[PDB]
């Protein structure tokens, strides 16, 4: 069972959360989630983004055609894997564009219910209830600015996926390592759950030197 069903009336109209619908919710989140990190940690110029209403907040998403096209491929793929419960982690690695030194690493742990595919009926949780949990995560990600180390140099980012050793991955994806920061500190953030998938967020940064 579980605890934050949402409005009974809303629920009566929506019916519930199915495995596929959960997969979209979660993939959609990584779309906004990534756009948000890239924007607030200034990985890309701020004039590069544009305002949008989502989750009851005003978020910023990229305007760069190539990036836009890129994230979509990730999202759509992330969507397939989530339906089948194949991806366990999604990591955004941030590093020095020149040296290559990893300076900050955002980690997302995904928990999925293997049995959801055999449900007799949709799970009792409103769309709005799930959005409120997500909005709570995004605000925290924002408040993160005060203590995180400033990223003075020019950075780039990379997307890492962590799954089960029997996944046939597309050509665009290449084998890799965890890419941990050699010496760090980390803060565990809030999570949200669609009652089918659960996402835990956390951020690690290199410990300030000199």
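Positions refer to the first chain, counted from 1.
Mean C-alpha B-factor is higher over 166-174 than over the other stretch, the pair under comparison being 34-42 and 166-174. Annotation for 89-97 versus 113-121: the higher mean temperature factor (C-alpha) is found in 113-121. Annotation for 72, 107, 140, 127: 72 ranks highest, by Cα B-factor. When the modelled residues of the chain are ordered by C-alpha B-factor, residue 8 sits in the lowest third. In this PDB entry, the Cα temperature factor of residue 193 sits in the bottom third of its chain's modelled residues, the lowest group. Residue-level temperature factors show residue 59 in the lowest third of its chain, judged at the C-alpha atom.
Ranked against the other modelled residues of its chain, the C-alpha B-factor of residue 201 as given in the entry falls in the middle third.
Among the modelled residues of its chain, residue 160 has a C-alpha B-factor that falls in the middle third according to the deposited record.
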